[PDB]
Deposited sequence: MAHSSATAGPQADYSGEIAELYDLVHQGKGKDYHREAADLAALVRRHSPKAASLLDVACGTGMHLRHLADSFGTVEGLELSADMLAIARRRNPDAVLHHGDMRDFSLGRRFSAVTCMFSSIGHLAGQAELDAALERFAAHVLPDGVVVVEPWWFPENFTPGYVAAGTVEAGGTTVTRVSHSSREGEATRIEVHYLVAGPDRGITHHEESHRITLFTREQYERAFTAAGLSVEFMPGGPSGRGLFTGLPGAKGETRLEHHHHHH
């Protein structure tokens, strides 16, 4: 698959716990990042997936909302966040008719975009949903200079009797990484099952991301490291 669904979706949360991903820390850092620019009322997490960031962010802002494309990923988010408004929708083409102090897009979700025209589009959509003293925060994929082809990642986690193993292989394919992922899933009653997904995650350059912020009328800054080592862009309207 390539669509974050079924057992992949149900697995995602556990998988990334196993990986040490710390949405509390990330949410806290992000909340702080936003208050630096909008000293605040409201946040929209776009491609909020399973709603992990949202869960921690809800204590930090008057209002938090989500936008997700996958229906199965979104169900999980709604169960984790029953009191929050979560939208089915496409970061490239969406209107909600309100603005927010922060509009965030985390964990390289932007790389699911296919080229400059799709990137520009979502940035125009983000700029449109951000209050003018507000901020747009996007964590990119890796740039091409930093892509390491042939990369193999192997990790195992157990929880609730249930063990999940995930192996990823990354190779080059045009201006994209083709990351191929297999899972083995095992539990005392359910047995073992095999899974696999393959994704194309576009390898936009620093300067293409920045293009898109500028065309959306946002000023743009890159800050290295970030939650994933890929860094973190911000954009402030009125440029």
Subject >> Missing CA stretches, deposited numbering from 1, N-terminus first >> reply: 1 to 10, 50, 251 to 263
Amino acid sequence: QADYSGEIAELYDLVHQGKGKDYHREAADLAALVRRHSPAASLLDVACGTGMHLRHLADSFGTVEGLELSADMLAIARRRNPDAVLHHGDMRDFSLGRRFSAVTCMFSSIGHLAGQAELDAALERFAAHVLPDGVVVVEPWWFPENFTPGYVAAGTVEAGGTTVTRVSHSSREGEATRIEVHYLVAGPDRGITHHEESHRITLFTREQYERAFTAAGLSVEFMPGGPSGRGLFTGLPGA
From here on, numbers count along this sequence of modelled residues.
Subject >> Mean temperature factor over C-alpha atoms, higher-scoring stretch between 152 to 160 and 101 to 109 >> reply: 152 to 160
Subject >> Mean Cα B-factor comparison, 44 to 52 or 174 to 182, giving the higher one as deposited >> reply: 174 to 182
Original post:
With respect to C-alpha B-factor, does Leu131 fall in the lowest, middle or highest third of the chain as deposited?
Top reply: lowest
**OP:** Place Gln208 in the lowest, middle or highest third of its chain's C-alpha B-factors, as listed in the PDB entry.
**Re:** highest
Subject >> Chain-wide C-alpha B factor ranking for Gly226, given as lowest, middle or highest third >> reply: highest
Original post:
Within this chain, which third does the Cα B-factor at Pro82 fall in: lowest, middle or highest?
Top reply: highest
Subject >> Chain-relative CA temperature factor third for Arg125 >> reply: lowest
